[PDB]
């Protein structure tokens, strides 16, 4: 061995770079391949392990981002472009980034970030995902993987070995397997690996907790604004097939067999599949994505619900939670009456239209049931109440409630649960006030962006970010976000009986119980029974 930026792994030697972080410095190994480029005949196929390389791999720069749809709704607007690919897109995108504190540790806690983006997008190279602040502040080895999104990572034709589906999830598993096998050489503890992600990434984390082929590869898990049982997180094999065939019809493909559909989809250029990607949705809706994980019977032995009921999942500690206004982002992009530059006061007519889009798989009685649940008949023509009520509908149906279901089901067999409710609006948030505490805006606090003075955050927002970063890191290290024998306020353990959680904001810690039970009893217990009877 030689320098601190030189690591000899089971795959080969890797050369990193010294990165500046808050006056100090740490190491960074960017763009390390954990799989063979899924290009050509391997498109849609399961990931193959990266053949070991000879010589030194240059890991000083960020890798390419996977082929995905690019947000062009508000050009120049940072609020929407901060989520867009900041590196060149390519199908050769299966790489991982590692931030190692300096001096290189011997055996410290490891955290693997799994980005979100509805399974149709996302990048590990984003600014809000820069793990250098967390790695440095909390003294952890921050890893951020990457996986194929869109059709490339989730096209599903059950029965076929050329495109079985869930390969995007297998990409994550191979990265986790690479972390299990090589993180030791970077000073990380393979015995203490915490996987954490947001939205689609949080659902992925929960999917790895459920899938037996992924359970042994990590210790603990953190789920942010995401759950494996989210209505948008997965589809049946029949629906996945239907969407795959529909994708082919949109590209003038031969649909007589799977062998011919796939051959066609493989000859087409990346952007060709992306341009027609949305055309396969079965309904006119919001918070719904085309190619997502499928219940194949392999990655997922049986239905997610049956697995959750039987305790068929990894027993360990989990830390999860949701943001206050999760639905705003989606109403702004597809619901009539919403716009980035207006207060977006919603009319009774637009409210009814919003409900239709929010619960696509519902009939008329179901639509009336949802409306009844979120309507104040004493003041039904209130524009602000209609706007906020619709925001609650999208967030509760798509994020909050399904997560609350997973929380209650998991805790019964689990070994420790910690629930949070992030309800703080960043003072420098570029999005309109009507959106509130937006889906994905806790990430900046998790990654410690508020510590960087040049980002215009307040003092209390830095204190909050430091508090959150420490909760996450301490939990990853021990299984409890609370510092042993500390004088600070204690974050209660979530139990099947008490059901406690905390608010994650700038004010002193406050403890509550039964996070949105009123609305979630409706979404998890009543509505599904109503739609089922009719």
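We call the rigid core the largest set of C-alpha positions that still match within 1.5 Å between the two forms. Positions refer to the first chain, counted from 1.
Where the structures in 9 other deposited structures of this protein are fitted on the rigid core, 283-291 is the one of 283-291 and 178-186 whose C-alphas sit farther from the shown form on average. Looking at the other PDB entries for this protein, residue 507 is present in the model in all of those that include the residues around it, rather than absent from a third. Gaps at residue 486 occur in at least a third of the other compared entries of the protein that contain both adjacent residues. In this entry, 126-134 shows the higher mean Cα temperature factor of the pair 414-422 and 126-134. Once the C-alpha B-factors are averaged per stretch, 443-451 and 347-355 rank with 347-355 first. Considering 30, 70, 493, 473 together, the PDB entry gives 493 the largest C-alpha B factor. Among 376, 392, 460, 239, the highest C-alpha B-factor recorded in the PDB entry belongs to 460.
Looking at the C-alpha B-factors along this chain, the one for residue 519 belongs to the middle third. Ranked by Cα temperature factor within the chain, residue 404 sits in the lowest third according to the deposited record. When all modelled residues of the chain are sorted by CA temperature factor, residue 271 is found within the middle third. Among all modelled residues in this chain, the alpha-carbon of residue 5 has a temperature factor (C-alpha) in the highest third. In the PDB entry, residue 164 places in the highest third of its chain by CA B-factor.
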